[PDB]
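There are 2 protein chains.
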Amino acid sequence: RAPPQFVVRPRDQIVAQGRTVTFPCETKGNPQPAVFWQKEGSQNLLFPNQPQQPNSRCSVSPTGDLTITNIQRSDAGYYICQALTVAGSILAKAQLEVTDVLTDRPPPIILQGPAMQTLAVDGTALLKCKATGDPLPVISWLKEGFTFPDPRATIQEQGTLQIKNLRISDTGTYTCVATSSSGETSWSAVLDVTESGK
Amino acid sequence: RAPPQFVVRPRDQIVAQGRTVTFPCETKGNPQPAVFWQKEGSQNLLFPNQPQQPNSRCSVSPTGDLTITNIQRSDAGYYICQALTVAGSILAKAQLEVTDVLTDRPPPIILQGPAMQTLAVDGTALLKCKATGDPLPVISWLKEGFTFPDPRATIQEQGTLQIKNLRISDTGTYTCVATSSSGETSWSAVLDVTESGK
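Chains A and A' are the protein sequences, given in the same order. A prime marks a further copy of an entry chain.
Residue numbers 311 to 459, 462 to 510, in the deposited numbering, belong to the letters of the first sequence in order.
Residue numbers 311 to 459, 462 to 510, in the deposited numbering, belong to the letters of the second sequence in order.
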């Protein structure tokens with residue numbers, strides 16, 4: 311009496327070769343839809359309660375999950391999750407992309423860069439920069455493209473730049489830069505210097 | 311709560327090209343199984359409630375019937391009817407054989423041939439033979455391989473042989489033969505002749 315509907319559809323997935331992949335396909339209706347899967351273009355249907363092969367790396371659980379173990383590159387393509395009751399049908403496609411395994415350490419990340427500040431002449435400024443990464447990023451700075459720190465400035469040990477006794481010359485854009493053996497990233501912010509500071 | 315089960319499975323069918331073929335696949339269970347079909351080896355599933363193609367010659371009714379119209383020879387092969395509930399699954403295969411259309415009139419049929427009779431010397435015998443056919447069969451007879459009717465015997469107009477005043481010589485096997493421009497068929501029976509008749 312109630313057509314099948316999706317609670318959680320499956321979405322696309324890119325994953326390294328040899329890993330295990332699971333696509334949700336959660337469903338509701340009355341009667342309760344029993345989901346099965348089909349690789350697009352394949353004659354094989356994958357039904358929930360079976361022995362099953364056992365040589366097959368594909369299994370479907372009674373909750374609607376399609377688990378594929380030890381994926382190889384021939385498993386890439388589209389997978390259709392499906393359900394048929396006397397009340398209706400629904401299908402949903404999700405794409406599997408199989409990649410090579412690569413020892414690739416991601417580049418550093420700046421979770422919080424400097425923020426825009428208007429400050430007052432001959433005060434202090436601490437423009438912050440919190441980076442994370444493995445290997446661990448070295449922080450460094452630029453002012454309108456050029457390196458930074462003159463006298464008057466010095467980079468702290470968490471990475472915050474420290475400028476003291478500002479003046480109208482010290483306005484402009486300051487760029488945080490986190491770099492490591494795996495990449496660089498940057499995060500900019502403008503700092504204005506008035507005598508007012510407001 | 312009640313696994314799907316077949317009430318009427320589909321069976322094999324041989325039919326002339328261009329005709330329409332329907333395979334039953336009637337089902338029971340709880341919840342009520344919704345049948346779908348799949349040509350074996352094909353990625354296409356045929357679901358009950360759909361627009362559907364309209365260019366497709368295959369449709370599945372909500373009762374589980376697979377109708378294929380104007381069959382051509384590429385439709386031959388195996389067709390799988392299937393049903394999945396939260397309670398279980400069932401499949402059943404049936405084979406479609408597509409033939410050429412042939413103007414072939416079937417051969418005659420003998421629906422009732424002579425029956426075994428023990429009769430008494432110098433009585434009468436009417437060994438019956440009811441044939442049917444289009445074109446209509448000519449009936450004729452043999453006694454132990456040789457044609458039949462001597463004097464004493466004559467074929468009636470419905471086809472019954474008529475022998476009178478039997479004797480111990482007239483025992484043996486009598487064969488009815490129905491023949492037409494489309495075939496022959498035969499039906500034998502032994503007739504024994506005692507002086508007793510019992």
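The C-beta atom is built at its ideal place from N, Cα and C for all residues, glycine as well.
Helix, strand or coil for residue 381 of chain A' per DSSP? coil
Is residue 374 of chain A' close to chain A? Criterion is C-beta to C-beta, closer than 8 Å. no
Between which two residues does the beta strand (DSSP E) carrying residue 485 of chain A' extend? 484 to 492
Buried or exposed: which applies to residue 509 of chain A', given that a residue is buried once 16 or more other Cβ atoms fall within 10 Å of its Cβ? exposed
Quickly, what does DSSP pair residue 504 of chain A' with across the bridge? List them, please. A':428
Sub-8 Å separation of residue 429 of chain A and residue 376 of chain A beta-carbons: no
Checking contacts by CB at 8 Å: is residue 363 of chain A closer than that to chain A'? no
Fully enclosed by the segment 337 to 412 of chain A, which alpha helix (DSSP H) runs are 4 residues long or longer? none
Residues that residue 314 of chain A' contacts on chain A, provided the C-beta gap is smaller than 8 Å: Within chain A, no residue comes near residue 314 of chain A'; the closest Cβ sits about 10 Å away, beyond 8 Å.
Pull up the distance between the alpha-carbon of residue 352 of chain A and that of residue 415 of chain A, whole angstroms please. 37 Å
Strictly below 7 Å CB to CB, what residues from chain A border residue 386 of chain A'? Going along chain A, no residue has its Cβ under 7 Å from residue 386 of chain A', so there is no contact; the nearest lies around 17 Å.
Just to confirm my understanding: we take residue 406 of chain A, look at its own chain, exclude 5 residues before and 5 after, and list those with CB closer than 7 Å. What are they? 323, 331, 385, 386, 387 and 389
Residues of its chain near residue 325 of chain A', where Cβ-Cβ distance is below 6 Å and the 5 sequence neighbours each way are ignored: 331
Following the continuous beta strand (DSSP E) through residue 481 of chain A', name the residue where it begins and the one where it ends. That residue, residue 481 of chain A', is in no beta strand (DSSP E); it is neither H nor E in DSSP.
What whole-angstrom Cβ distance do residue 442 of chain A and residue 475 of chain A have, given they're in contact under 8 Å? Rounded, the Cβ-Cβ distance is 24 Å, inconsistent with contact.
What does residue 396 of chain A touch in chain A' if you count any residue whose Cβ is under 9 Å from its own? 341, 342, 343, 344, 358 and 372
Inter-residue Cα distance where the pair is residue 365 of chain A' and residue 379 of chain A': 11 Å
Give the range of the beta strand (DSSP E) segment to which residue 323 of chain A' is assigned. 323 to 326
Would you call the segment 333 to 350 of chain A' in contact with the segment 489 to 507 of chain A, where contact means no fewer than 3 C-beta pairs closer than 8 Å? no
Per-residue DSSP class, three states only, for residue 422 of chain A': strand
On the three-state DSSP scale, how would you describe residue 453 of chain A? strand
Distance cut-off 7 Å: residue 477 of chain A' Cβ against heavy atoms of the ligand FMN: Ligands in the displayed structure: none, and consequently the ligand FMN is not present.
Please confirm whether residue 501 of chain A and residue 424 of chain A have their CB atoms less than 8 Å apart. yes
Note down, in chain order, each residue of its chain lying with its Cβ closer than 6 Å to the Cβ of residue 485 of chain A', except the 5 sequence neighbours on either side. 454, 500 and 502
How about residue 352 of chain A': is its C-beta nearer than 8 Å to some C-beta of chain A? yes
Since residue 341 of chain A and residue 341 of chain A' are thought to touch, with beta carbons under 8 Å apart, how far apart are those beta carbons, to the nearest angstrom? 4 Å
Short of 8 Å in beta carbon distance, which residues of its chain neighbour residue 327 of chain A, apart from the five on each side in sequence? Order them along the chain. 381, 382, 383, 408, 409, 410 and 411
Between the beta-carbon of residue 431 of chain A' and the beta-carbon of residue 478 of chain A', is there less than 8 Å? yes
Give me the Cα-Cα distance between residue 395 of chain A and residue 368 of chain A, rounded to the nearest whole angstrom. 24 Å
Chain-ordered neighbours of residue 492 of chain A' on chain A, where CB pairs are closer than 9 Å: Within 9 Å Cβ-Cβ: nothing; residue 492 of chain A' doesn't reach chain A, min ~48 Å.
Whole-angstrom Cβ separation of residue 321 of chain A and residue 397 of chain A, contact assumed at under 8 Å? In fact, because the Cβ distance is near 25 Å, the residues do not count as touching under 8 Å.
Quick one: list the residues of chain A neighbouring residue 399 of chain A', beta-carbon separation under 9 Å, in chain order. 344, 346, 357, 358, 359 and 360
Going by C-alpha to C-alpha distance, which of A':354, A':437, A':316 and A':348 sits closest to residue 452 of chain A'? A':437
What residues in its chain sit with their C-beta under 6 Å from that of residue 426 of chain A, if we drop five residues either side in the sequence? 501 and 502
If residue 348 of chain A' and residue 355 of chain A' are in contact, beta carbons under 8 Å, what's the gap, nearest whole angstrom? 5 Å
With a CB to CB cut of under 8 Å and the five nearest residues on each side skipped, what residues in its chain are close to residue 464 of chain A? 475, 476 and 477
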